[PDB]
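Peer 1: What follows is the file start_33.pdb, containing PDB, C-alpha atoms:
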ATOM      1  CA  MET C  30       0.000   0.000   0.000
ATOM      2  CA  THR C  31       1.012   3.636  -0.370
ATOM      3  CA  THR C  32       1.994   6.125   2.297
ATOM      4  CA  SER C  33      -1.253   8.104   1.850
ATOM      5  CA  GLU C  34      -3.240   4.793   1.988
ATOM      6  CA  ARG C  35      -1.477   3.864   5.266
ATOM      7  CA  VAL C  36      -2.152   7.400   6.623
ATOM      8  CA  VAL C  37      -5.867   6.991   5.893
ATOM      9  CA  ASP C  38      -5.941   3.569   7.536
ATOM     10  CA  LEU C  39      -4.181   4.906  10.647
ATOM     11  CA  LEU C  40      -6.537   7.855  10.853
ATOM     12  CA  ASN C  41      -9.435   5.402  10.537
ATOM     13  CA  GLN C  42      -7.964   3.340  13.395
ATOM     14  CA  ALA C  43      -7.422   6.464  15.562
ATOM     15  CA  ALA C  44     -11.135   7.142  15.122
ATOM     16  CA  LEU C  45     -12.045   3.825  16.827
ATOM     17  CA  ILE C  46      -9.718   4.330  19.820
ATOM     18  CA  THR C  47     -11.639   5.351  22.953
ATOM     19  CA  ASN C  48      -8.842   6.760  25.109
ATOM     20  CA  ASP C  49      -5.673   8.910  25.108
ATOM     21  CA  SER C  50      -3.653   6.147  23.470
ATOM     22  CA  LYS C  51      -5.161   7.327  20.169
ATOM     23  CA  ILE C  52      -2.316   9.853  20.428
ATOM     24  CA  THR C  53       0.126   7.012  19.627
ATOM     25  CA  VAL C  54      -1.622   6.489  16.284
ATOM     26  CA  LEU C  55      -1.872  10.232  15.613
ATOM     27  CA  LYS C  56       1.869  10.570  16.284
ATOM     28  CA  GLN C  57       2.433   7.799  13.694
ATOM     29  CA  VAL C  58       0.399   9.840  11.159
ATOM     30  CA  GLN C  59       2.349  13.018  12.138
ATOM     31  CA  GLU C  60       5.619  11.231  11.528
ATOM     32  CA  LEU C  61       4.445   9.998   8.082
ATOM     33  CA  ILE C  62       3.099  13.371   6.865
ATOM     34  CA  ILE C  63       5.611  15.784   8.462
ATOM     35  CA  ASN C  64       8.843  13.750   8.209
ATOM     36  CA  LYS C  65       8.603  10.687   5.988
ATOM     37  CA  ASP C  66       6.652  12.231   3.005
ATOM     38  CA  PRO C  67       6.258  15.979   3.809
ATOM     39  CA  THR C  68       4.127  16.516   0.633
ATOM     40  CA  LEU C  69       1.330  14.706   2.480
ATOM     41  CA  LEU C  70       1.221  17.335   5.246
ATOM     42  CA  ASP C  71      -1.033  19.611   3.103
ATOM     43  CA  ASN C  72      -3.389  16.814   2.201
ATOM     44  CA  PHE C  73      -3.994  15.520   5.752
ATOM     45  CA  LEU C  74      -4.030  18.751   7.763
ATOM     46  CA  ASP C  75      -7.817  18.859   8.106
ATOM     47  CA  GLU C  76      -7.884  15.269   9.359
ATOM     48  CA  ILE C  77      -5.439  15.873  12.207
ATOM     49  CA  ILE C  78      -6.856  19.269  13.090
ATOM     50  CA  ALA C  79     -10.340  17.681  13.348
ATOM     51  CA  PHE C  80      -9.116  16.246  16.680
ATOM     52  CA  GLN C  81      -9.123  19.762  18.173
ATOM     53  CA  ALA C  82     -12.799  18.942  18.848
ATOM     54  CA  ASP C  83     -11.828  15.848  20.925
ATOM     55  CA  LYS C  84     -13.103  16.020  24.546
ATOM     56  CA  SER C  85      -9.662  14.792  25.780
ATOM     57  CA  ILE C  86      -7.390  17.491  27.146
ATOM     58  CA  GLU C  87      -4.312  15.506  26.072
ATOM     59  CA  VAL C  88      -5.578  15.001  22.521
ATOM     60  CA  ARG C  89      -6.171  18.793  22.202
ATOM     61  CA  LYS C  90      -2.642  19.386  23.581
ATOM     62  CA  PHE C  91      -1.361  16.961  20.954
ATOM     63  CA  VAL C  92      -3.172  19.015  18.263
ATOM     64  CA  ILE C  93      -1.398  22.180  19.516
ATOM     65  CA  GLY C  94       1.989  20.307  19.360
ATOM     66  CA  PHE C  95       1.167  19.179  15.846
ATOM     67  CA  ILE C  96       0.366  22.738  14.748
ATOM     68  CA  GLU C  97       3.741  23.897  16.186
ATOM     69  CA  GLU C  98       5.658  21.187  14.277
ATOM     70  CA  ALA C  99       3.673  21.633  11.063
ATOM     71  CA  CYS C 100       4.426  25.412  11.133
ATOM     72  CA  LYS C 101       8.132  24.836  11.879
ATOM     73  CA  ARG C 102       8.238  22.481   8.819
ATOM     74  CA  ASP C 103       6.348  24.978   6.622
ATOM     75  CA  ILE C 104       5.634  28.442   8.053
ATOM     76  CA  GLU C 105       3.126  29.025   5.248
ATOM     77  CA  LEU C 106       0.839  26.546   7.016
ATOM     78  CA  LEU C 107       0.291  29.217   9.673
ATOM     79  CA  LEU C 108      -2.038  30.859   7.108
ATOM     80  CA  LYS C 109      -4.403  27.874   7.603
ATOM     81  CA  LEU C 110      -3.608  26.996  11.212
ATOM     82  CA  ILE C 111      -3.472  30.280  13.132
ATOM     83  CA  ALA C 112      -7.340  30.286  13.462
ATOM     84  CA  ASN C 113      -7.233  26.751  14.971
ATOM     85  CA  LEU C 114      -4.499  27.826  17.420
ATOM     86  CA  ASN C 115      -6.528  30.894  18.374
ATOM     87  CA  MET C 116      -9.466  28.614  19.228
ATOM     88  CA  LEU C 117      -7.187  26.384  21.384
ATOM     89  CA  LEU C 118      -5.708  29.444  23.060
ATOM     90  CA  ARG C 119      -9.338  30.141  24.140
ATOM     91  CA  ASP C 120      -9.996  26.583  25.292
ATOM     92  CA  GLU C 121     -12.219  25.978  28.359
ATOM     93  CA  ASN C 122      -9.473  23.938  29.981
ATOM     94  CA  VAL C 123      -6.498  25.721  31.574
ATOM     95  CA  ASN C 124      -3.983  23.057  30.568
ATOM     96  CA  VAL C 125      -4.851  23.335  26.891
ATOM     97  CA  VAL C 126      -4.514  27.162  27.246
ATOM     98  CA  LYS C 127      -1.063  26.750  28.830
ATOM     99  CA  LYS C 128       0.163  24.538  25.987
ATOM    100  CA  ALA C 129      -1.267  27.038  23.423
ATOM    101  CA  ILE C 130       0.802  29.781  25.208
ATOM    102  CA  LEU C 131       3.955  27.624  25.037
ATOM    103  CA  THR C 132       3.357  27.111  21.308
ATOM    104  CA  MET C 133       2.700  30.837  20.694
ATOM    105  CA  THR C 134       6.081  31.508  22.429
ATOM    106  CA  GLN C 135       7.767  29.355  19.729
ATOM    107  CA  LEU C 136       5.655  30.489  16.787
ATOM    108  CA  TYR C 137       5.336  34.292  17.249
ATOM    109  CA  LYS C 138       9.019  34.874  16.501
ATOM    110  CA  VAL C 139       8.881  32.533  13.504
ATOM    111  CA  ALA C 140       5.805  34.229  11.985
ATOM    112  CA  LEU C 141       7.475  37.607  12.535
ATOM    113  CA  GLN C 142      10.638  36.437  10.715
ATOM    114  CA  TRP C 143       8.447  35.208   7.824
ATOM    115  CA  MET C 144       6.638  38.581   7.598
ATOM    116  CA  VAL C 145       9.958  40.454   7.641
ATOM    117  CA  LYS C 146      11.358  38.210   4.835
ATOM    118  CA  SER C 147       8.289  38.857   2.681
ATOM    119  CA  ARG C 148       8.360  42.032   0.601
ATOM    120  CA  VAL C 149       4.864  41.589  -0.851
ATOM    121  CA  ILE C 150       2.265  40.734   1.786
ATOM    122  CA  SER C 151      -0.748  38.853   0.519
ATOM    123  CA  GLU C 152      -4.246  39.247   1.873
ATOM    124  CA  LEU C 153      -3.874  35.877   3.622
ATOM    125  CA  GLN C 154      -0.531  36.748   5.100
ATOM    126  CA  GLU C 155      -1.919  40.070   6.384
ATOM    127  CA  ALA C 156      -4.910  38.410   8.098
ATOM    128  CA  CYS C 157      -2.510  35.801   9.558
ATOM    129  CA  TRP C 158      -0.183  38.495  10.983
ATOM    130  CA  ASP C 159      -3.235  40.422  12.308
ATOM    131  CA  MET C 160      -4.291  37.286  14.193
ATOM    132  CA  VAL C 161      -0.792  36.428  15.465
ATOM    133  CA  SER C 162      -0.472  39.991  16.798
ATOM    134  CA  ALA C 163      -3.980  39.961  18.380
ATOM    135  CA  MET C 164      -3.191  36.645  20.087
ATOM    136  CA  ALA C 165       0.073  38.050  21.408
ATOM    137  CA  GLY C 166      -1.911  40.958  22.873
ATOM    138  CA  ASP C 167      -4.341  38.446  24.348
ATOM    139  CA  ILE C 168      -1.535  36.568  26.124
ATOM    140  CA  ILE C 169      -0.282  39.837  27.644
ATOM    141  CA  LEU C 170      -3.827  40.142  29.034
ATOM    142  CA  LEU C 171      -3.457  36.643  30.528
ATOM    143  CA  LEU C 172      -0.984  38.120  32.997
ATOM    144  CA  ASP C 173      -4.357  38.949  34.708
ATOM    145  CA  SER C 174      -5.815  35.456  34.419
ATOM    146  CA  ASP C 175      -7.495  34.059  37.567
ATOM    147  CA  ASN C 176      -5.421  30.925  37.008
ATOM    148  CA  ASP C 177      -1.947  30.838  38.589
ATOM    149  CA  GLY C 178      -0.529  28.439  35.958
ATOM    150  CA  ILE C 179      -1.822  30.494  33.012
ATOM    151  CA  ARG C 180      -0.190  33.629  34.543
ATOM    152  CA  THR C 181       3.159  31.791  34.870
ATOM    153  CA  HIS C 182       3.066  30.639  31.216
ATOM    154  CA  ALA C 183       2.002  34.147  30.100
ATOM    155  CA  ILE C 184       5.123  35.567  31.820
ATOM    156  CA  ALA C 185       7.408  33.441  29.628
ATOM    157  CA  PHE C 186       5.543  34.439  26.436
ATOM    158  CA  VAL C 187       5.786  38.094  27.434
ATOM    159  CA  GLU C 188       9.501  37.740  28.201
ATOM    160  CA  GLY C 189       9.949  36.297  24.678
ATOM    161  CA  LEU C 190       7.931  39.160  23.144
ATOM    162  CA  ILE C 191      10.029  41.846  24.896
ATOM    163  CA  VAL C 192      13.322  40.243  23.739
ATOM    164  CA  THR C 193      12.022  39.635  20.195
ATOM    165  CA  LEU C 194      10.841  43.231  19.860
ATOM    166  CA  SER C 195      14.034  44.913  21.108
ATOM    167  CA  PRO C 196      17.520  45.072  19.552
ATOM    168  CA  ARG C 197      20.535  42.930  20.338
ATOM    169  CA  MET C 198      23.524  44.926  21.529
ATOM    170  CA  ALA C 199      27.288  44.143  21.395
ATOM    171  CA  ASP C 200      27.200  42.943  25.046
ATOM    172  CA  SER C 201      23.785  41.236  24.939
ATOM    173  CA  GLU C 202      24.296  37.814  26.449
ATOM    174  CA  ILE C 203      22.297  35.496  24.142
ATOM    175  CA  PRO C 204      21.642  31.816  24.996
ATOM    176  CA  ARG C 205      23.100  29.698  22.204
ATOM    177  CA  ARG C 206      19.773  28.013  21.390
ATOM    178  CA  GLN C 207      18.315  31.504  20.704
ATOM    179  CA  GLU C 208      21.205  32.745  18.564
ATOM    180  CA  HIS C 209      19.225  32.570  15.355
ATOM    181  CA  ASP C 210      15.933  34.027  16.666
ATOM    182  CA  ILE C 211      14.805  37.258  15.078
ATOM    183  CA  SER C 212      15.385  40.458  17.054
ATOM    184  CA  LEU C 213      14.454  44.083  16.318
ATOM    185  CA  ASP C 214      17.933  45.015  14.981
ATOM    186  CA  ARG C 215      17.332  42.434  12.165
ATOM    187  CA  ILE C 216      14.201  44.167  10.972
ATOM    188  CA  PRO C 217      14.867  46.571   8.134
ATOM    189  CA  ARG C 218      13.788  50.123   9.016
ATOM    190  CA  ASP C 219      12.190  50.529   5.557
ATOM    191  CA  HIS C 220      10.188  47.243   5.421
ATOM    192  CA  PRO C 221       6.976  48.407   3.753
ATOM    193  CA  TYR C 222       4.656  46.349   6.006
ATOM    194  CA  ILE C 223       6.380  45.471   9.301
ATOM    195  CA  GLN C 224       7.041  48.863  10.937
ATOM    196  CA  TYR C 225      10.242  48.888  13.084
ATOM    197  CA  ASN C 226       9.059  51.856  15.213
ATOM    198  CA  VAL C 227       5.707  50.237  15.961
ATOM    199  CA  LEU C 228       7.332  46.929  17.073
ATOM    200  CA  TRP C 229       9.777  48.886  19.323
ATOM    201  CA  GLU C 230       6.771  50.553  21.061
ATOM    202  CA  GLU C 231       5.019  47.208  21.423
ATOM    203  CA  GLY C 232       8.099  45.691  23.049
ATOM    204  CA  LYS C 233       8.412  48.589  25.451
ATOM    205  CA  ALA C 234       4.694  48.312  26.300
ATOM    206  CA  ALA C 235       5.068  44.573  26.912
ATOM    207  CA  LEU C 236       7.950  45.295  29.304
ATOM    208  CA  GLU C 237       5.838  47.984  31.014
ATOM    209  CA  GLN C 238       3.103  45.343  31.641
ATOM    210  CA  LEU C 239       5.661  42.873  32.983
ATOM    211  CA  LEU C 240       7.229  45.488  35.331
ATOM    212  CA  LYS C 241       3.782  46.365  36.617
ATOM    213  CA  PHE C 242       2.997  42.678  37.119
ATOM    214  CA  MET C 243       6.247  42.090  39.057
ATOM    215  CA  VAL C 244       5.318  44.808  41.491
ATOM    216  CA  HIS C 245       1.608  43.819  41.954
ATOM    217  CA  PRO C 246       0.472  42.853  45.546
ATOM    218  CA  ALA C 247      -1.636  39.833  44.429
ATOM    219  CA  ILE C 248       0.808  37.721  42.466
ATOM    220  CA  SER C 249       1.712  34.256  43.662
ATOM    221  CA  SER C 250       5.128  32.999  44.782
ATOM    222  CA  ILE C 251       5.644  30.983  41.560
ATOM    223  CA  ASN C 252       4.497  33.996  39.438
ATOM    224  CA  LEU C 253       6.941  36.224  41.430
ATOM    225  CA  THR C 254       9.925  33.900  40.958
ATOM    226  CA  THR C 255       9.155  33.331  37.264
ATOM    227  CA  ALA C 256       8.869  37.113  36.680
ATOM    228  CA  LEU C 257      12.165  37.709  38.577
ATOM    229  CA  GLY C 258      13.795  35.136  36.295
ATOM    230  CA  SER C 259      12.275  36.658  33.151
ATOM    231  CA  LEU C 260      13.417  40.188  34.086
ATOM    232  CA  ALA C 261      16.988  38.986  34.807
ATOM    233  CA  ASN C 262      16.963  37.288  31.415
ATOM    234  CA  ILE C 263      15.800  40.535  29.804
ATOM    235  CA  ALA C 264      18.472  42.583  31.643
ATOM    236  CA  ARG C 265      21.241  40.290  30.387
ATOM    237  CA  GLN C 266      19.911  39.700  26.825
ATOM    238  CA  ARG C 267      18.824  43.371  26.397
ATOM    239  CA  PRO C 268      21.030  45.556  28.610
ATOM    240  CA  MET C 269      19.267  48.785  27.635
ATOM    241  CA  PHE C 270      16.540  47.571  29.995
ATOM    242  CA  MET C 271      18.852  46.888  32.957
ATOM    243  CA  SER C 272      17.930  50.192  34.637
ATOM    244  CA  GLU C 273      14.238  49.320  34.542
ATOM    245  CA  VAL C 274      14.828  45.781  35.811
ATOM    246  CA  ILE C 275      16.939  46.895  38.801
ATOM    247  CA  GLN C 276      14.321  49.523  39.695
ATOM    248  CA  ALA C 277      11.548  46.858  39.596
ATOM    249  CA  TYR C 278      13.622  44.677  41.986
ATOM    250  CA  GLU C 279      14.024  47.753  44.257
ATOM    251  CA  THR C 280      10.263  48.485  44.284
ATOM    252  CA  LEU C 281       9.407  44.859  44.937
ATOM    253  CA  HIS C 282      11.759  44.697  47.899
ATOM    254  CA  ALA C 283      10.290  47.924  49.388
ATOM    255  CA  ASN C 284       6.723  46.581  48.847
ATOM    256  CA  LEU C 285       6.601  42.784  49.307
ATOM    257  CA  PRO C 286       3.248  41.039  48.483
ATOM    258  CA  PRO C 287       1.654  41.018  51.968
ATOM    259  CA  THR C 288       0.937  37.261  51.656
ATOM    260  CA  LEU C 289       4.722  36.550  51.321
ATOM    261  CA  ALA C 290       6.088  39.117  53.764
ATOM    262  CA  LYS C 291       6.332  36.936  56.915
ATOM    263  CA  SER C 292       7.030  33.145  56.859
ATOM    264  CA  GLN C 293       7.864  33.332  53.136
ATOM    265  CA  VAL C 294      10.077  36.368  53.325
ATOM    266  CA  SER C 295      13.439  34.499  53.567
ATOM    267  CA  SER C 296      12.572  32.604  50.386
ATOM    268  CA  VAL C 297      11.511  35.762  48.479
ATOM    269  CA  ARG C 298      14.738  37.463  49.582
ATOM    270  CA  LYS C 299      16.950  34.559  48.556
ATOM    271  CA  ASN C 300      15.330  34.444  45.193
ATOM    272  CA  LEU C 301      15.636  38.214  44.683
ATOM    273  CA  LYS C 302      19.311  38.048  45.739
ATOM    274  CA  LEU C 303      20.101  35.194  43.349
ATOM    275  CA  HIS C 304      18.435  36.942  40.433
ATOM    276  CA  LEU C 305      20.053  40.276  41.286
ATOM    277  CA  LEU C 306      23.476  38.680  41.562
ATOM    278  CA  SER C 307      22.989  37.154  38.032
ATOM    279  CA  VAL C 308      22.325  40.682  36.800
ATOM    280  CA  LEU C 309      25.388  42.071  38.619
ATOM    281  CA  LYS C 310      27.600  39.444  36.914
ATOM    282  CA  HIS C 311      26.774  41.010  33.557
ATOM    283  CA  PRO C 312      29.262  43.778  32.683
ATOM    284  CA  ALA C 313      26.594  46.380  31.837
ATOM    285  CA  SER C 314      25.748  46.312  35.572
ATOM    286  CA  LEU C 315      28.813  48.453  36.362
ATOM    287  CA  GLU C 316      26.892  51.519  35.215
ATOM    288  CA  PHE C 317      24.413  50.877  38.066
ATOM    289  CA  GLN C 318      26.887  49.596  40.708
ATOM    290  CA  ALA C 319      25.727  51.915  43.505
ATOM    291  CA  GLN C 320      22.071  50.996  43.014
ATOM    292  CA  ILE C 321      22.643  47.235  42.733
ATOM    293  CA  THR C 322      25.106  47.106  45.639
ATOM    294  CA  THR C 323      22.758  49.032  47.929
ATOM    295  CA  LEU C 324      19.875  46.713  47.091
ATOM    296  CA  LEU C 325      22.097  43.652  47.618
ATOM    297  CA  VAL C 326      23.217  44.889  51.069
ATOM    298  CA  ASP C 327      19.531  45.621  51.840
ATOM    299  CA  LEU C 328      18.700  42.002  50.902
ATOM    300  CA  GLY C 329      21.348  40.934  53.403
ATOM    301  CA  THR C 330      23.830  39.808  50.747
ATOM    302  CA  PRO C 331      27.214  39.336  52.400
ATOM    303  CA  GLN C 332      29.905  41.750  51.157
ATOM    304  CA  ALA C 333      32.087  38.782  50.016
ATOM    305  CA  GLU C 334      29.330  37.470  47.737
ATOM    306  CA  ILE C 335      28.818  40.950  46.235
ATOM    307  CA  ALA C 336      32.598  41.235  45.599
ATOM    308  CA  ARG C 337      32.815  37.749  44.015
ATOM    309  CA  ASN C 338      30.034  38.573  41.514
ATOM    310  CA  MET C 339      31.309  42.060  40.629
ATOM    311  CA  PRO C 340      32.480  42.211  37.005
ATOM    312  CA  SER C 341      35.893  43.588  36.109
ATOM    313  CA  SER C 342      35.834  46.770  33.960
ATOM    314  CA  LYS C 343      37.951  44.691  31.574
ATOM    315  CA  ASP C 344      34.694  42.749  30.850
ATOM    316  CA  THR C 345      33.128  45.979  29.469
ATOM    317  CA  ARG C 346      35.361  46.128  26.333
ATOM    318  CA  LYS C 347      32.439  45.043  23.978
ATOM    319  CA  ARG C 348      30.260  48.054  24.871
ATOM    320  CA  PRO C 349      31.980  50.352  27.405
TER     321      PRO C 349
END
Translate the structure of the given file into C-alpha cells.
Peer 2:
Amino acid sequence: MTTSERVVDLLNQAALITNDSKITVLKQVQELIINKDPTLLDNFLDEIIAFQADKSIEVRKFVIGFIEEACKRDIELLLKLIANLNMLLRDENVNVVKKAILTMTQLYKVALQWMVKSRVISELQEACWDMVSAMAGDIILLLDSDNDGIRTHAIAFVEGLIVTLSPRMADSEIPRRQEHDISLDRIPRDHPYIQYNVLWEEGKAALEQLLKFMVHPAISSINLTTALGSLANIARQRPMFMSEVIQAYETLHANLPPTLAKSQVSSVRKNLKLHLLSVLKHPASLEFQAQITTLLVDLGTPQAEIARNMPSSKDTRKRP
C-alpha cells in the first residue's frame, strides 16, 4: 500500500480508539506526513486538526503540538492553522490554554521572521499576521488570568515578546539556542509592512506590563519567581533595559506582596538576591553599581558574595 493509503488507515484506526492512546496512532500519522513524506502534510491537515474537537485534554494538547511542528516544517501553514491555534488558546481547559501559550512563544518569533522576509504581503498573510499579533496581545492580558498556571506561562511568552521586539547589543548575552531568533535590529527600518518603530513601542509596552505585574500585591510565589527570572533574562539579553529591571527589583523589595512578607520572606529574599546577583555578573551592571550594591546589602547579601560577583571593567570592552 502507499503512504497516503497507510495514513488513511491509521486515521481510521485512531477514530475507533476510545482513550488517550489514540495519540500514539496520531503521532504515527504526524511522523508519516511531516517527516517521511512531507508533501502529504497539506493533504492531511484537516484530518489531524479535526481532533481539536476531541473532549480529551491531552488530545487537544497533541493538536497544539502538531500545529507547532507543522508550522516549523512549513511556516506558510500558519495561514491555515493560526485560526485553529486561536481557538485552542481560548480553550475551556487551563492546561490546553497553557500549551497554546507555550506554542505561541515558539511560533510568534517565527511568523514575525516570515513577515519580515516577505516584501509583498498577501491578503492571507496580512490576516494571519493580524491574528498572530492579536493573540500576542491576548496573552499579555493573561498576565491577569485568575489561574496561577496560566499567569506563569504568560510571563514566559511576554519575556519572549520583549526580547524579540528589542535590539541585540554588542554585550547582549544570548543563549546559544536563541542565537538565530529574530530580534528588532534584524528588521529593516524601511520594510513596507512590518514597521520597526511600531514593534519597538510594542516591546516597550510589553515590558511595562511585565514590570507592573512584578510589582503587583496579588501575584503568587511561583508567578513572582518566574517574573524575577524573566526580568533577569531581559536585563542580560537586552542591557538597555537593565535600569528598569533593577528599579523593579528595588520596588518589589520595598513593597513585598503582603501574603509573602512573613514566613515566606526568607525565600523571596533569597530568590531576589540570586536573580540580582545574576544581573550584577553582567558587565553592563557596572553603570548601576551603587544601586545594585545598595539593594544587595539591603537584601542581606554578604559583602564577600557581592565582591565575588562584581564584574571587572575589563569585561566591558564590547560596549563600554
Peer 1: Given the file above and the PyMOL selection byres ((chain C and resi 311) around 10), which residues are selected, and can you give them as a list in words?
Peer 2: residues 200, 201, 202, 264, 265, 266, 268, 271, 306, 307, 308, 309, 310, 312, 313, 314, 315, 338, 339, 340, 341, 344 and 345 of chain C
Peer 1: Step by step, work through what the PyMOL selection byres ((chain C and resi 240) around 10) selects in the shown file, and finish by giving those residues as number ranges by chain.
Peer 2: C: 234-239, 241-245, 256-257, 260, 273-274, 276-278, 280-281
Peer 1: Find the residues near residue 288 (chain C): any atom within 12 Å, counting only C-alpha atoms, skip ones fewer than 4 places away on the same chain, and give them as a PDB file with C-alpha atoms, in the frame of the given file.
Peer 2:
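Ended up saving to selection_4.pdb:
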ATOM      1  CA  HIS C 245       1.608  43.819  41.954  1.00  0.00           C
ATOM      2  CA  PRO C 246       0.472  42.853  45.546  1.00  0.00           C
ATOM      3  CA  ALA C 247      -1.636  39.833  44.429  1.00  0.00           C
ATOM      4  CA  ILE C 248       0.808  37.721  42.466  1.00  0.00           C
ATOM      5  CA  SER C 249       1.712  34.256  43.662  1.00  0.00           C
ATOM      6  CA  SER C 250       5.128  32.999  44.782  1.00  0.00           C
ATOM      7  CA  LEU C 253       6.941  36.224  41.430  1.00  0.00           C
ATOM      8  CA  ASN C 284       6.723  46.581  48.847  1.00  0.00           C
ATOM      9  CA  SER C 292       7.030  33.145  56.859  1.00  0.00           C
ATOM     10  CA  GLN C 293       7.864  33.332  53.136  1.00  0.00           C
ATOM     11  CA  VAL C 294      10.077  36.368  53.325  1.00  0.00           C
ATOM     12  CA  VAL C 297      11.511  35.762  48.479  1.00  0.00           C
TER      13      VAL C 297
END
Peer 1: Enumerate, as an mmCIF file with C-alpha atoms, in the coordinates of the input, the residues matched when the PyMOL selection byres ((chain C and resi 116-130) around 7) is run on the file above.
Peer 2:
data_model
loop_
_atom_site.group_PDB
_atom_site.id
_atom_site.type_symbol
_atom_site.label_atom_id
_atom_site.label_comp_id
_atom_site.auth_asym_id
_atom_site.auth_seq_id
_atom_site.Cartn_x
_atom_site.Cartn_y
_atom_site.Cartn_z
ATOM 1 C CA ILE C 86 -7.390 17.491 27.146
ATOM 2 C CA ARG C 89 -6.171 18.793 22.202
ATOM 3 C CA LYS C 90 -2.642 19.386 23.581
ATOM 4 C CA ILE C 93 -1.398 22.180 19.516
ATOM 5 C CA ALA C 112 -7.340 30.286 13.462
ATOM 6 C CA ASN C 113 -7.233 26.751 14.971
ATOM 7 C CA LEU C 114 -4.499 27.826 17.420
ATOM 8 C CA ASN C 115 -6.528 30.894 18.374
ATOM 9 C CA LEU C 131 3.955 27.624 25.037
ATOM 10 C CA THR C 132 3.357 27.111 21.308
ATOM 11 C CA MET C 133 2.700 30.837 20.694
ATOM 12 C CA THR C 134 6.081 31.508 22.429
ATOM 13 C CA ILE C 179 -1.822 30.494 33.012
ATOM 14 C CA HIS C 182 3.066 30.639 31.216
ATOM 15 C CA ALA C 183 2.002 34.147 30.100
ATOM 16 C CA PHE C 186 5.543 34.439 26.436
#
Peer 1: I'd like to know which of C:54, C:165, C:171, C:40 is closest to residue 79 (chain C), using all atoms listed in the file.
Peer 2: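 Of all the options, C:40 lies closest to residue 79 (chain C).
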Peer 1: Quote the spacing between CA of residue 140 (chain C) and CA of residue 157 (chain C) in Å to one decimal place.
Peer 2: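 Value for the CA of residue 140 (chain C)-CA of residue 157 (chain C) distance: 8.8 Å.
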Peer 1: Using only C-alpha atoms, find the one residue out of C:302, C:347, C:209, C:291 that sits nearest to residue 258 (chain C).
Peer 2: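 Between C:302, C:347, C:209, C:291, the residue approaching residue 258 (chain C) most closely is C:302.
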Peer 1: Have a look at CA of residue 152 (chain C) and CA of residue 108 (chain C) and let me know their distance in Å, one decimal.
Peer 2: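 These atoms are spaced 10.1 Å apart.
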Peer 1: Which residue is closest to residue 83 (chain C)? Choose from C:49, C:102, C:66, C:42 and count all atoms listed in the file.
Peer 2: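 Nearest to residue 83 (chain C): C:49.
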Peer 1: Neighbours of residue 222 (chain C) within 9 Å (all atoms listed in the file; same-chain residues fewer than 5 positions away dropped), as a ChimeraX atom specification?
Peer 2: /C:144-145,147-150
Peer 1: Expressed in Å to a single decimal, how great is the separation between CA of residue 194 (chain C) and CA of residue 227 (chain C)?
Peer 2: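 The value is 9.5 Å.
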Peer 1: Counting all atoms listed in the file, what is within 9 Å of residue 320 (chain C), bar same-chain residues fewer than 4 positions away, as a count of residues only?
Peer 2: 5
Peer 1: Rebuild region 39-48 of chain C to N, CA, C and O atoms - output it as a tab-separated table (two decimals), in the coordinates of the input, please.
Peer 2:
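What ended up in result.tsv:
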chain	number	residue	atom	x	y	z
C	39	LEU	N	-4.50	4.45	9.29
C	39	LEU	CA	-4.18	4.91	10.65
C	39	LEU	C	-5.19	5.90	11.19
C	39	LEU	O	-5.60	5.79	12.35
C	40	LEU	N	-5.56	6.89	10.39
C	40	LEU	CA	-6.54	7.86	10.85
C	40	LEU	C	-7.86	7.14	11.16
C	40	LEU	O	-8.54	7.48	12.13
C	41	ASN	N	-8.20	6.15	10.34
C	41	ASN	CA	-9.44	5.40	10.54
C	41	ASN	C	-9.35	4.56	11.81
C	41	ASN	O	-10.35	4.43	12.55
C	42	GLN	N	-8.17	4.02	12.11
C	42	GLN	CA	-7.96	3.34	13.40
C	42	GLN	C	-8.02	4.29	14.60
C	42	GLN	O	-8.59	3.94	15.64
C	43	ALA	N	-7.43	5.48	14.46
C	43	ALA	CA	-7.42	6.46	15.56
C	43	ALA	C	-8.85	6.79	15.92
C	43	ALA	O	-9.15	6.98	17.09
C	44	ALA	N	-9.72	6.86	14.90
C	44	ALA	CA	-11.14	7.14	15.12
C	44	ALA	C	-11.88	6.13	16.00
C	44	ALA	O	-12.80	6.50	16.73
C	45	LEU	N	-11.44	4.87	16.00
C	45	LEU	CA	-12.04	3.82	16.83
C	45	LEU	C	-11.49	3.79	18.25
C	45	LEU	O	-12.07	3.13	19.12
C	46	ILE	N	-10.36	4.46	18.50
C	46	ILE	CA	-9.72	4.33	19.82
C	46	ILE	C	-10.41	5.30	20.79
C	46	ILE	O	-10.64	6.45	20.46
C	47	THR	N	-10.73	4.77	21.96
C	47	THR	CA	-11.64	5.35	22.95
C	47	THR	C	-10.93	6.04	24.09
C	47	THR	O	-11.57	6.38	25.09
C	48	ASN	N	-9.61	6.20	24.00
C	48	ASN	CA	-8.84	6.76	25.11
C	48	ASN	C	-7.61	7.50	24.58
C	48	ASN	O	-7.40	7.56	23.33
